[PDB]
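K.L.:
The structure that follows is given in the form of structure tokens.
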Amino acid sequence: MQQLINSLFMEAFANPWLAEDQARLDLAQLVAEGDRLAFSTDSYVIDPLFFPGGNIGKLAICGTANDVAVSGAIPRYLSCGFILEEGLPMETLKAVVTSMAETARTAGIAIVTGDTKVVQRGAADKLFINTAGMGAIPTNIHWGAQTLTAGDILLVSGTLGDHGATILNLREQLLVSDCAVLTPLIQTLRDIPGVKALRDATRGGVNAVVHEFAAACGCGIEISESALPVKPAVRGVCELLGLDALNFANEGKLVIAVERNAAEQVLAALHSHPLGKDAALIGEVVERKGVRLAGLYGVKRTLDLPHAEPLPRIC
Amino acid sequence: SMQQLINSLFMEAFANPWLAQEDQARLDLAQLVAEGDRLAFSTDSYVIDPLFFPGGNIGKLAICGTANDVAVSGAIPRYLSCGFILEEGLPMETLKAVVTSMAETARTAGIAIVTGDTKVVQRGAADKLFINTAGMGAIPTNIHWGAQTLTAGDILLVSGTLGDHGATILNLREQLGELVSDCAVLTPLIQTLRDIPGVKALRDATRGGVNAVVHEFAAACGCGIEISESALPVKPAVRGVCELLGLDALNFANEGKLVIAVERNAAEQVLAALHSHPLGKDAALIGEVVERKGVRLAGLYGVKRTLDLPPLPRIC
């Protein structure tokens, strides 16, 4: 039972680093790419496991790879921890692991170490995955929210809330997830000097990222409600539940802060890549502290982080 | 409010200069390279039932296991990542006790928890709490420990008694005072062998106990390994379990034991280095690396028999 499941992982993720108790990585290689090591981890508990536009496996690579890539580092090595409910169909596990392998393979990421734990029926819901990941940040890239000052422009790299809306629609039964590895989109920005901060916008959406930006740099942020790009179908969920696309989780979207003079250059670079096409300016960094949303007639109102807890297991 | 409260607990409990961050931790690479030429990188998920046991808990466990997986290479564990999976309506006092234990263990071991994640699921979707940790350290250039290197004549040591953790958990789940888990960070024990040239291979013996390690050792080198049954150090309370269940202390998970492979002429030197440390004290010679392939256990009258790989879920 165990080394049958264990056999699938070795087979699927086969690489020189997997072939004892840990992986062993060339450190000189890393230092030659950059002075800092980006290191991130995420758990994935998405219900259901498969959905329009992806699955838990692809998601598990994407999310962690993105958390690394957003620093400017190219993700290189990934760890992978599985928790399985006993009696999970092999067909399901196989398709999950396959998607993980091919997603990592396409992104040039090696899954270098791992673990598998099996619990009894009812102790876990089907399958949970943890991944941790790393890359070297190049010495000359200095992306961080602490660097933001009044005048900086906020951009978003595509429509807001596709993923959350897609999972909400499936589970409440009323749309395609954007789930993607963002490293190719991000490297387009690598050469552009006016880029100042980059975040992906998962749990808590761009609302959370924007409040995090404001607290990191000690400046206010003002956002134009009508400038928010939202697909009609996502707008549909918004109309029906009153929820805010600013709060929905995204699995392939960036929030980017740039020097004012560089907004056009950055947008045009975003628009020239497939991931990509729906990028938009949405707001700016201002002197007056706090996060505000501009509505009808240019009225600026405090944007609060949501009261209520989101539907569980959207990621 | 609850996700902010949970996150509030992690940020305060683990607070350190690397967590203070956006989507990732940022680690000085020059400092790692000055320490070693290779980065040891490991991960483990922890799903133990129950959460609290004589000698530790899921929280302490999550630091020790991953730290040891790193330290077993020769590296000093430096940085840990940490993902929690919480069942909705898990009592705060329980979470708080677990997180407190983790933080204290990481702190005692000189380890920073530099990044993390937290996911909550509905009632029924998880059993209380699962933790994944991942960890790294730099492996000093002059330490080349691995089983691939083993050859006939090499001596097999174990650093202490066998089966403490496994038996402790079995007893609780199956209701059979004397049993305590060996749960510990082994870094200070490992650094004791750091300079000893005769050390060739080193592993912890968690899932599948030492039986598994010895088999992996045998597979890695192209040789057989022979274990002496009477040489095996087993606490009386563990023998008590073996006697009742008929299960093998060689198969029981350990959470604070090393299986060590040394050159014959280093055996006694390594025993003394082990014996001088608390962790430490019950180290014993248990076997040999031989030419004839296979894993064998020597029983009565020195009869060598093939030792097969064989378990209760959620022991780790």
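Naming works like this for the structure tokens: A, B, ... for the chains as they're shown, residue 1 at the start of each chain, ligands 1 onward in shown order.
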Could you please select, counting only C-alpha atoms, the residues of chain A within 8 Å of chain B and state them as a ChimeraX atom specification?
P.N.:
/A:20-28,30-31,34-45,67-68,70-71,79-83,113-120,122-125,130,132,144-145,199-200,307-309,312-313
K.L.:
Residues near stretch 265-268 of chain A, anyone? I mean within 9 Å using only C-alpha atoms, not counting same-chain ones fewer than 2 positions away, as a list in words.
P.N.:
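In the requested format, the answer is residues 155, 157, 188, 189, 192, 194, 195, 258, 261, 262, 263, 270, 271, 272, 279, 280 and 281 of chain A.
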K.L.:
Figure out the distance between atom CA of residue B:262 and atom CA of residue B:199, please, to one decimal in Å.
P.N.:
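Atom-to-atom, atom CA of residue B:199 and atom CA of residue B:262 are spaced 4.5 Å apart.
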K.L.:
Write out as a ChimeraX atom specification all residues of stretch 29-164 of chain A that DSSP puts in strand (DSSP E) for this structure's backbone.
P.N.:
/A:36-44,50-51,54-55,77-85,110-119,127-137,153-156
K.L.:
Using C-alpha atoms, can you export the residues from the last selection as a short mmCIF file (atom, residue, chain, number, x, y, z; two decimals), in the first residue's frame?
P.N.:
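Everything below was put into again12.cif:
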```cif
data_model
loop_
_atom_site.label_atom_id
_atom_site.label_comp_id
_atom_site.auth_asym_id
_atom_site.auth_seq_id
_atom_site.Cartn_x
_atom_site.Cartn_y
_atom_site.Cartn_z
CA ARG A 36 19.34 36.08 -1.47
CA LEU A 37 17.37 32.86 -1.25
CA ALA A 38 13.59 33.20 -1.65
CA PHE A 39 11.77 30.55 0.34
CA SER A 40 8.03 30.04 0.50
CA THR A 41 5.52 27.45 1.59
CA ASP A 42 1.80 26.87 1.02
CA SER A 43 -0.79 24.22 1.91
CA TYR A 44 -3.58 23.31 -0.53
CA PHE A 50 -10.69 19.18 -9.95
CA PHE A 51 -12.29 22.30 -11.37
CA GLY A 54 -6.95 23.28 -13.05
CA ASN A 55 -6.70 20.99 -10.04
CA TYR A 77 13.53 23.53 -6.36
CA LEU A 78 10.36 22.38 -4.72
CA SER A 79 9.44 20.12 -1.81
CA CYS A 80 6.19 18.25 -1.73
CA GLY A 81 4.16 16.87 1.24
CA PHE A 82 1.07 14.67 0.72
CA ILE A 83 -1.71 13.81 3.17
CA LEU A 84 -4.06 11.11 1.87
CA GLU A 85 -7.34 9.71 3.06
CA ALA A 110 12.52 20.05 -9.93
CA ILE A 111 10.60 18.33 -7.15
CA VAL A 112 13.62 17.32 -5.08
CA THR A 113 12.16 15.94 -1.84
CA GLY A 114 8.86 14.86 -0.41
CA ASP A 115 6.75 12.97 2.08
CA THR A 116 3.50 11.02 2.18
CA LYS A 117 1.24 10.43 5.15
CA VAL A 118 -1.92 8.31 5.03
CA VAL A 119 -4.76 8.78 7.48
CA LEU A 127 -6.14 14.84 -0.35
CA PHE A 128 -4.17 17.79 1.03
CA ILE A 129 -0.82 18.97 -0.37
CA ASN A 130 1.96 21.13 1.06
CA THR A 131 4.74 22.56 -1.08
CA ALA A 132 7.78 24.62 -0.19
CA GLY A 133 9.93 26.20 -2.89
CA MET A 134 13.05 28.26 -3.52
CA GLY A 135 15.01 30.34 -5.99
CA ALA A 136 17.90 32.80 -5.86
CA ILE A 137 16.94 36.50 -6.17
CA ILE A 153 1.07 53.69 -9.56
CA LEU A 154 -0.72 50.41 -8.81
CA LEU A 155 -1.38 47.91 -11.58
CA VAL A 156 -3.05 44.54 -11.69
#
```
K.L.:
Taking 4 positions as the minimum chain separation for residues in the same chain, which residues sit within 10 Å of residue B:282 when counting only C-alpha atoms? Answer as a PyMOL selection string.
P.N.:
chain B and resi 158-162+233-235+271+274-275+277-278
K.L.:
Just asking: which residues within stretch 41-279 of chain A are helix (DSSP H, G or I) according to DSSP, as JSON, numbers by chain?
P.N.:
{"A": [56, 57, 58, 59, 60, 61, 62, 63, 64, 65, 66, 67, 68, 69, 90, 91, 92, 93, 94, 95, 96, 97, 98, 99, 100, 101, 102, 103, 104, 105, 106, 145, 146, 147, 162, 163, 164, 165, 166, 167, 168, 169, 170, 171, 172, 183, 184, 185, 186, 187, 188, 189, 190, 205, 206, 207, 208, 209, 210, 211, 212, 213, 214, 215, 216, 217, 225, 226, 227, 232, 233, 234, 235, 236, 237, 238, 239, 240, 241, 260, 261, 262, 263, 264, 265, 266, 267, 268, 269, 270, 271]}
K.L.:
Using only C-alpha atoms, which residues sit within 7 Å of residue A:231 once same-chain residues fewer than 3 positions away are excluded, as a list in words?
P.N.:
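The residues satisfying every condition are residues 159, 234 and 235 of chain A.
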K.L.:
Go ahead and write the residues just picked, C-alpha atoms, as a short mmCIF file (atom, residue, chain, number, x, y, z; two decimals), in the first residue's frame.
P.N.:
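Saved file part_25.cif follows:
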```cif
data_model
loop_
_atom_site.label_atom_id
_atom_site.label_comp_id
_atom_site.auth_asym_id
_atom_site.auth_seq_id
_atom_site.Cartn_x
_atom_site.Cartn_y
_atom_site.Cartn_z
CA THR A 159 -9.12 40.30 -14.19
CA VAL A 234 -17.51 37.19 -12.02
CA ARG A 235 -19.63 40.36 -11.96
#
```
K.L.:
Using only C-alpha atoms for the distances, tell me which of B:152, B:315, B:258, B:6 is nearest to residue B:280.
P.N.:
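Result for the nearest residue to residue B:280: B:258.
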